[PDB]
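What follows is a single chain, given as structure tokens, in the form deposited in one PDB entry.
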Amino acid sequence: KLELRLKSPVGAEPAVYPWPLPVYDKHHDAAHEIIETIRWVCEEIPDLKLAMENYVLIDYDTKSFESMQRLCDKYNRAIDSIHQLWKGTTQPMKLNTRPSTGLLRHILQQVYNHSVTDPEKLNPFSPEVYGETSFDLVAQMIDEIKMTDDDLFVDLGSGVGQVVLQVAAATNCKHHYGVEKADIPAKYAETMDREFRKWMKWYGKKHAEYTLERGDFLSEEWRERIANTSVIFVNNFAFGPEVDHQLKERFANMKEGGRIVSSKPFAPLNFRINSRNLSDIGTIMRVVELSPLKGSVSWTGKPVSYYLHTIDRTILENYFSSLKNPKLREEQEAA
């Protein structure tokens, strides 16, 4: 029983792949995962990138065991020489840093490869195109929504957990949670979780704390939890009006400066407060459309945008102050 092995850049147990190399889905197989892993490790380590004939990496026979073993051996010899080099005066690769965005894309693709066996049991973008689509949206969102160790992040309806893992690897939040109700994605999420931790260690990279849970985010337990969350991500684009209504109710108890990022806005972008809409959620949040994923369209055929809501109760304060003022009250009461 033949196999291929890649040594970890930081001395974790090596990655082992049986020959013939597994096919993961229609566009992902182990051969190209191995090639990409080497390519990414080379990005981590200048010296490795120096030893490898980089353009030759594409001119390997992925169907030949000898050709692929030649590639792995070459990589492994070079890793050994790098570990020796670190024992000398040369300072080793800094440990427990966060992965670059490019590396993180590869790691999550790799985790998804080893975890999700049936993509068809899953339902703007599907999890199989995550790397080329949602990942970029999430990365853009991470860059725009600055988060600190005072934040708690929750992904409402977290599926197989991709968003949670991406955000946990990339930010400083105290904790990251994902909640998923359906058993198929929740089950896969357990594997996604184990694989992520394994692969993150394999590359020597750090992530913040996270928990992927089974549960219903509309439950009474989640009522209090949503209220104590400072950053919510929710892909609500296809949610019904009753679900969206229930979420608005839950968001209404969030603290000032709390933020919600969604694929469908929970309030109008140009909400203007008056006597008929006083109890509506637009009274207590700013809503802006964030920059789209340039050069990518949804299954709807349209560029995918995302909406940021910020809890801000001064909107309501200003409305009430104005009502006290007879000048402004007349100026408002002109319909």
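Position 1 is the first residue in the sequence shown; the rest follow in order. Here, rigid core means the biggest group of C-alpha atoms that superpose within 1.5 Å across both forms.
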| query | finding |
| --- | --- |
| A238 left out of the model in a third or more of other PDB entries | no |
| Other entries lacking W299, at least a third | yes |
| Continuity check for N123 and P124, given as deposited residues lacking coordinates between them | 1 to 3 |
| 53 to 61 or 289 to 297, whichever carries the higher mean Cα B-factor | 53 to 61 |
| Per the entry, higher mean C-alpha B factor between 158 to 166 and 220 to 228 | 220 to 228 |
| Top residue by Cα temperature factor, when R259, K181, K248, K206 are compared in the entry | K181 |
| Top Cα B factor in the deposited entry, candidates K255, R197, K264, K94 | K94 |
| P20 - which third its CA temperature factor falls in, relative to the rest of the chain | highest |
| Third assignment of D193 from its chain's C-alpha B-factors | middle |
| Assigned third (lowest, middle, highest) for the C-alpha B factor of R70 | middle |
| Chain-relative CA temperature factor third for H83 | middle |
| Third of chain Cα B-factors occupied by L152 | middle |
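What comes next is about the form deposited in another entry, which does not appear here.
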query	finding
Residue from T283, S67, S298, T310 whose Cα, after superposing the rigid core, lies 2 Å or more away between this form and the one not shown	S298
Exceeds or equals 2 Å, Cα of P92 between this form and the one not shown, core fit	no
Threshold 2 Å Cα movement between this form and the one not shown for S230, core superposed	no
Rigid-core frame, C-alpha of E213, shift of 2 angstroms or more between this form and the one not shown	no
Direction of Cα pair change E132-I38 in that other deposited form, magnitude 3 angstroms or more	farther
Note on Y130-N172 C-alpha separation in that other deposited form, which departs from the shown form by 3 angstroms or more	farther
